[PDB]
Amino acid sequence: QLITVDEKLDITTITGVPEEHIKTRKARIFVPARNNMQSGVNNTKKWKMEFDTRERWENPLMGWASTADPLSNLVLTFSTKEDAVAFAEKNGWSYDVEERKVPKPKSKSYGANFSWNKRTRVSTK
Amino acid sequence: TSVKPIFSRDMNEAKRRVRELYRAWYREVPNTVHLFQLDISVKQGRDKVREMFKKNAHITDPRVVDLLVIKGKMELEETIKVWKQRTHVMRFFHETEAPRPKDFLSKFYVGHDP
Amino acid sequence: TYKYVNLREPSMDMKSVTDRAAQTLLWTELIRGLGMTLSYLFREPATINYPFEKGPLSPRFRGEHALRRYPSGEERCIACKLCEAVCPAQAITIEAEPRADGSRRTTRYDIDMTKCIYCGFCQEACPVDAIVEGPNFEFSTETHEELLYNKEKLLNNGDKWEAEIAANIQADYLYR
Amino acid sequence: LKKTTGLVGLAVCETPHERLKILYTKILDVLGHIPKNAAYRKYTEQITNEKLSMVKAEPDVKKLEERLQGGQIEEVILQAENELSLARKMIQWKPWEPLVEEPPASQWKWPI
Amino acid sequence: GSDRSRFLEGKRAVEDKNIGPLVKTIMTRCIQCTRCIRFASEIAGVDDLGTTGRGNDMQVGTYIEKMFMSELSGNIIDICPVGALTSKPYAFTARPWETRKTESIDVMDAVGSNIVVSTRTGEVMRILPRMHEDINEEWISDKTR
Amino acid sequence: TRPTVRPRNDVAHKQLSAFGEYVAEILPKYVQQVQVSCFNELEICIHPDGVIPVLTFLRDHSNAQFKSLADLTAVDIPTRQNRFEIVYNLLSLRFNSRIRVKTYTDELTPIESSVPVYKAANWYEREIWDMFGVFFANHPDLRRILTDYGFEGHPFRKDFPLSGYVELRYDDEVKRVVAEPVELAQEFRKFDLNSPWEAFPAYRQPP
Amino acid sequence: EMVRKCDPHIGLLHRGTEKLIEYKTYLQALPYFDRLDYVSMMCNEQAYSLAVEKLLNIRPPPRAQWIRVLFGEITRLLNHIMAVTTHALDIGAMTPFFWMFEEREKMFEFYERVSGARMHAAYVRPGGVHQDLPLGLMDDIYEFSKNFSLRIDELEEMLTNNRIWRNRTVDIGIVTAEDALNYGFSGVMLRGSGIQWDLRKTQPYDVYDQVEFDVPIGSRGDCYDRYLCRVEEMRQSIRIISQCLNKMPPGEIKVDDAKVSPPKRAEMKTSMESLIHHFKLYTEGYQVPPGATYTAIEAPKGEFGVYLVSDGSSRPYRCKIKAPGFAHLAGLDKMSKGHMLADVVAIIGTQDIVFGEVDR
Amino acid sequence: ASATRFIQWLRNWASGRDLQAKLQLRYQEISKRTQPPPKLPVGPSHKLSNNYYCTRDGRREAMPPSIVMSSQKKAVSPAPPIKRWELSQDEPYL
Amino acid sequence: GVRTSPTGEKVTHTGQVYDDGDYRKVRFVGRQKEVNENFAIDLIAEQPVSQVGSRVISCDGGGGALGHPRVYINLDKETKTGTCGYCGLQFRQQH
Amino acid sequence: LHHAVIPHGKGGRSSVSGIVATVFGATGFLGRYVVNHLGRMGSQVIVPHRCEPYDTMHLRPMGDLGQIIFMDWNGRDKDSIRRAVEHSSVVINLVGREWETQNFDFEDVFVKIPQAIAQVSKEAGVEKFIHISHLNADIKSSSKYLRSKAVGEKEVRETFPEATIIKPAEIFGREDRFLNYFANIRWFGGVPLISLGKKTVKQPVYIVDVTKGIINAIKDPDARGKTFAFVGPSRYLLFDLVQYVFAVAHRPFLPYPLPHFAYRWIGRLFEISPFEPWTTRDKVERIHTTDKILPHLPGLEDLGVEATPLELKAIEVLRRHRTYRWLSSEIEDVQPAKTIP
Ligand SMILES: CCCCCCCCCCCCCCCCCC(=O)OC[C@H](COP(=O)(O)OCCN)OC(=O)CCCCCCCCCCCCCCCCC
Ligand SMILES: NC(=O)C1=CN([C@@H]2O[C@H](COP(=O)(O)OP(=O)(O)OC[C@H]3O[C@@H](n4cnc5c(N)ncnc54)[C@H](OP(=O)(O)O)[C@@H]3O)[C@@H](O)[C@H]2O)C=CC1
Ligand code: SF4
Ligand code: SF4
Ligand code: SF4
Ligand code: SF4
Ligand SMILES: [K+]
Ligand SMILES: [Zn+2]
């Protein structure tokens, strides 16, 4: 048989995460921008959750980039904005959500290149 | 809001389990100090036990409470059977960790962490 | 098909029952086992006289890393970072920039030899045979820091071992 | 009679035909308490009758194992015991009832 | 594409062209897509780029020795699908897979161009545009870049 | 006749499809989905309430006889409201076949222990509890099995960082091993490897 | 000294292999499998390679498949020597360990000559093998094989009919066939109790359906019968190796599909397509179509499986590793009932445990 | 290989075997450490025509799983029962 | 070439050298600083330019499959030489 | 600040504290705690050592890779000293013996060596200099140890006027020669004390308190040119303190008076040892010297350190001196010794 639990899901005390990395962190929920160096759009399909960037410093011995931030590389993939927000609520993280940016539909016309009287006429092919 | 329970139907049953676990831990501290040969006193051990219970005093979900009690009991079984070592028992006391400031100005001087 | 390893019915004739009685009382099967260790006493042992004698290796052996040059003395490495990308252990760290001439060359090339698994993926990934695992396996050190190789150490390894390395690549490159 | 079944812990049955008739009959009686249209009843009655026909038709134990095609005859008896235990549990579970609950919208959608 | 080659001849090799300190041109990599020509004419309003010759020898460039130094010139690096036009300041310093992308805002003007800051091991490596239809579309100025 | 392409086995695909719906016909109260992969593996997706009925049927039924629990594990998919998927891989020696049974749960909902069906499940369920935090009800002895004593968290969760939150060293002042917040002399370098061009049209999802 | 309860506390060698694999491409994750059952390295590689090949829907070429079976059986010899001699060593018979690790030393030379590494070869990969056999290697394997059966006989002369060895092993750790199945046992832990199961016969992979061999079967389900099964399995491995040497076909050694297997170095340095495909395979790696498979093999220690989940990209989403020793060790408490302290030593050895795969 | 006759007889007698014919130490029977260069064959896709990759593309032939039942007559088994194994004619009993 | 900083520390081929007051040079006290003395930038500049009688030449670095990927170089400009982007060998067109 | 010494990280092992410390006498009782604390936060530590490298092995795990650097040095050679300090921002001197040897005497180790380190450090431009003196330093003291401390402390002050001089009482801790010294008297049966130890008052201080005081003095800019007295929170009669030691160790306590001349005669007897003496005449005097009260000087509280009571840490030191019968006894079994308000 089932019971009624009338609370918002909250699992921060059973996840093992240290206090510091629950309430000082800022999650960002966004759809990654297309890498403008390429035309492919397959990396703009899913929602991502990432946390705020913290200090990286130079190792004295070798000069490598050191970190004391356990969440520096943590990136989560979600199907929808709602799924990402629900995951952040129940984990106690403060988050900022950013609307998905879809390219606008463009009116393309090859024949515009040869206009009789418009400025769209091209001077070279 | 209808969900499958773990052990407790409601928060009053859950708090009964929480009180029972607190008694088991309270009784155990004198033995743990003896078996593991700790240089802390029994009061210190019991104060630490109390501290760990109070960090979770704000839970209102019986399923979450049921899990904390479940984890607390495994934690206790590790101690009684001496599966833990002295190092594991003393990790609760963070002896080698320096105190991190909580005020704004002290954080400001050391670095960028909020 | 299968076979039975231990499904025997022993003979119960008097001869077979006495042969087992003699075995039990006279320990015949225990004496047979002494003969086998006696026969090894008089065999020549398999020990080699290290470090005067060495265990056989092949040209493919994966040992200490080295950075190689062209015959002219130019570095082969072009800072493409394919070795860094494929490294299963993330043991390679690279920085690069245009040299004083226009050349594409590294300014940092580190291998953490205590992260490395000596898997050889880096030399497989390299398009110009710049990074190789050499034949040297006798480079244990007294300190940890001595195993964090920077670009100077690796170029020295290549200059130190090129004569052997080039001959080993010559023997194996047609299998690659 | 065989000396051994070859499987450790599985004893040789003196009377395999009699044991198999008893167990299949018990299974069929237990199936009679399941609802008539339950698929478990229909399929299990079907296969149980088929094995029971082989047990009656073939008196030679070696030849019977050839028909049943389920290992040693002692493995067949053990399997009939397992089925009989399952039938009793199925009565209390009642898995012929409709689905208890649909999963969430895209619980089984892979990749996400 | 296919996984192998059946081309058994020698390749074309083109000479390189100086168009200023911001864009490096390794024109043997050019695939004659004319994206740079169309961007230079339509977006930057500069008719300096074109094609010369014809056939397999058709070459993208300026014919004469000329600099392409529009305030929007750095965007031909992005649209060029190959390494024919690359960033001189960025040359050889990083590979794409190893950079962490921070989505940020430009502050070199009041337009508010959306950018991606590419960092690696705690160092800023380059600036790229971030599409925003109502601000910078997918371009940035050279000062921003 | 295509040297590099894996051959199909449509006989095994046909057989597994028939059995898959046979299981769906007998256990309609629990079975939510049945599928057969192109490399011929059968998966039964069930309601978590049916773990014991379904596994017991597969083990004991004369046309199933999945007497061996090959593997029992969990997968974490954070985008799902029931983030944990529990996967049972069973083998039937009698019919030389394998079957996969899958269910789901979240961080707070218990799953029935299948030790009564397969004694092999005892340690597999402790591992799932240890690495994912899924609780198995009526387990004879549920406790950590792989992580250090007193370890906090469930490392195989996708939101648990690769290097964890604490590291160990020996401290001379206290004359013991101590745990302290993790600092890395070299941070693990995250790589962005996914190409922005779609590779497999057959799996494209509607926009 | 009577054992009342065995409570194995493992995880002392847990290294989060399965979490690390999620940050690796499929090629980058392969060396992790060398380091699981680190006595059967190439067998672990093959299990992973089969699973990835299955998700890719490609097929390795026949020569690679034959090399895989050959070095799979060579690997079985390496494992069974270690399993039997360390088991004998624990029971107090130390001498056979030395005689047989000189044979193991000769088999690392075969590993080193094909891969350049004695142990963690990383030689078997999805699509085939990394490199072709060096010339003159099959001659040397044949020379090694022609004498090994005599070495097995010397082992048997020390143990098989030794009344002390039999006292330590006969009727120790008896497991019934029914219990072995329900407890998740596999391999010799099943066949010791009479169960007739061997994935090379029932669910063959690569070219195992083209070699003739016999599966040894025990009758009493104890340590002694499992010891005999492992010894006889070594003879069957020599029987298979003999067929692999005579039946080795010509041809290529990795799938001639450069979107999965990297091109030859000469082509990478000449062809534009080959250079591109080399570049991408060694940075991004090949993408695997979305799916999930449980793939298993008859590893020397039993059934070794991988549940490999792909999400369509070049990095696995989940990789659960099924180690036979995990199930077997969980049954240690069951098998030790009524036995003394020194029998638990024998029972641990008969299970043939390596904690790399148990703990991962 | 250098053992004298008497020691060869002694250790052969002790072990019950002829050890000299199957010596465990390697001598001149093993391969030379310098070998002639190989010339390895090429795979079946090395063709200049009739070799379009779309006709030999294993990955792109993999399909999503076939849904048998979604929650949106004779009984069967997963496969036919396994045929019984046969005793080896090589050596049924060890 | 290997210069020595006014402190005396050798400068590497990457131009690295600890400045005065950089404590990190303490790591070389009682030991040494590893510096490769064969500067590739100097060695490549000692190779003579190769005269060829064509507009385009190919370079694979020498040694066939042991060199680098084969690239083709354009030699149309007469104000400079054609350099290999892999190995740095220089080519010039013979009239 | 030079860019390489700007602090970074979160004060852990892999962080950069910005401290480049040369610690002389790091291989001793105090040195291992100082090096440990410096290493914890990511300091660069130079450890010039006279001893054989096996005896520095316990220091190596205290720092991240490359943070602990070992040099050879000789107290009588200034080239060796100058090589070890010329790259440092703080020099810490912990050199000292509790006994004299054929090669070094109290003047050598407590005057000549500290003065040479201070002299060379000043010439090398080292900015911070911390020198460990002694609470009971006095030119009128019976013990040459304390007389030499007074001379060296003065000498260091002129040579390096910005030096922070620290004057601890007896330091108790696991490797101390104080609580362990008293507990090891059990091997002789009874415990001899001059005038039964009723005419001596000690104020022993905890090793970790002293270490934290030294660390906090490096960072604090107020500590320059200052002199601190590091004392524990309570004062005890020597008889009660030694009685407390035997109560915690559960060893029978049989004190008996022994006159100074007779007990000074026992000290010379033990001085014959060519190795480390169990006791010396100097040690006998120092043990029985009442610990001075110096209100004018700042103490541990002026460096943000709470002096740890003896009662909270004696069991940490003395548990190993118990027999098996009493090993498990807990910290609450023994009543605290009488203090002196
Ligand atoms: C005319 C009238 C005359 C009257 C007298 C006539 C009587 C003559 C015949 C009497 C029998 C002679 C042998 C008696 C010796 C003891 C034999 C014995 O007890 O051995 C059997 C013993 C039991 O082992 P097991 O087979 O497992 O159990 C049997 C059933 N329960 O198994 C064992 O003991 C095995 C011991 C294992 C450890 C052996 C390790 C050393 C083996 C090599 C030793 C070689 C002996 C060299 C002796 C040196 C002499 C100084
Ligand atoms: N109760 C106490 O411990 C008190 C201590 N102090 C002072 O604190 C400082 C350290 O105390 P502690 O650590 O107990 O002293 P230790 O004797 O424990 O260690 C002394 C250190 O000085 C070094 N040293 C001694 N003589 C020489 C020498 N001739 N040449 C070179 N190095 C030498 C030793 O190195 P090696 O191991 O190589 O000999 C060792 O590292 C000393 O100055 C001491 O007087 C002050 C008040 C009380
Ligand atoms: S051998 Fe393997 S682990 Fe080592 S540097 Fe090369 S790729 Fe990395
Ligand atoms: S060593 Fe080779 S693979 Fe690595 S960066 Fe240099 S050229 Fe590229
Ligand atoms: S955009 Fe690049 S590839 Fe296209 S024409 Fe211009 S230079 Fe050539
Ligand atoms: S990276 Fe692209 S543009 Fe550059 S050489 Fe390769 S295929 Fe051509
Ligand atoms: K471009
Ligand atoms: Zn070149």
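Counting convention: from 1, in listed order, for ligands and their atoms alike. Below, chain A is the first sequence line, B the second, and so on; all start at residue 1.
The side-chain tip of J/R60 points at the ring of J/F70 from less than 6.0 angstrom away and within 45° of straight on. With a 6.0 Å cutoff to the six-membered ring centre and a 45° limit on the axis angle, E/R126 counts as a cation-pi contact of E/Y90. Figure legend: G/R265 and C/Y173 shown without cation-pi pairing, the cationic atom not lying both under 6.0 angstrom from the six-membered ring centre and within 45 degrees of its axis.
When non-hydrogen atoms are compared, ligand 2 lies under 4.0 Å from the backbone of J/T27 as well as from its side chain. Contact annotation for J/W73 and ligand 2: only side-chain heavy atoms (C-beta onward) come within less than 4.0 Å of the ligand. The proximity of J/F178 to ligand 2, defined as any non-hydrogen pair under 4.0 Å, does not occur for either the backbone or the side chain. When heavy-atom distances to ligand 4 are checked against a 4.0 Å cut-off, C/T106 has no atom that comes that close, whether in backbone or side chain. With a 4.0 Å heavy-atom cut-off, ligand 2 is reached by no atom of J/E98. Contact annotation: for J/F29 versus ligand 2, heavy atoms closer than 4.0 Å belong to both the backbone and the side chain. Contacts of C/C122 with ligand 4, taken as heavy-atom pairs under 4.0 Å, are absent altogether.
Protein heavy atom at the shortest distance from atom 20 (C) of ligand 2 is J/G96 O, 3.0 Å. Protein heavy atom at the shortest distance from atom 8 (Fe) of ligand 4 is C/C80 SG, 2.3 Å. Protein heavy atom at the shortest distance from atom 24 (N) of ligand 2 is J/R50 NH2, 3.7 Å. Ranking protein heavy atoms by distance to atom 19 (O) of ligand 2, first place goes to J/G28 CA, 3.2 Å.
Other residues, nucleotides and ligands contribute over 12 non-hydrogen atoms within 6.0 Å of the CD atom of J/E52.
Residue-to-ligand polar distances keep J/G75 apart from ligand 2: every N/O pair is separated by 3.5 Å or more.
In the vicinity of C/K81, heavy-atom distances shorter than 4.0 Å reach the ligand 4 atoms 5 (S), 8 (Fe).
The nearest non-hydrogen atom to atom 14 (O) of ligand 2, considering only J/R177, J/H131, J/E175, comes from J/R177. Proximity annotation for atom 6 (N) of ligand 2: of J/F172, J/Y145, J/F230, J/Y145 comes nearest, heavy atoms only.
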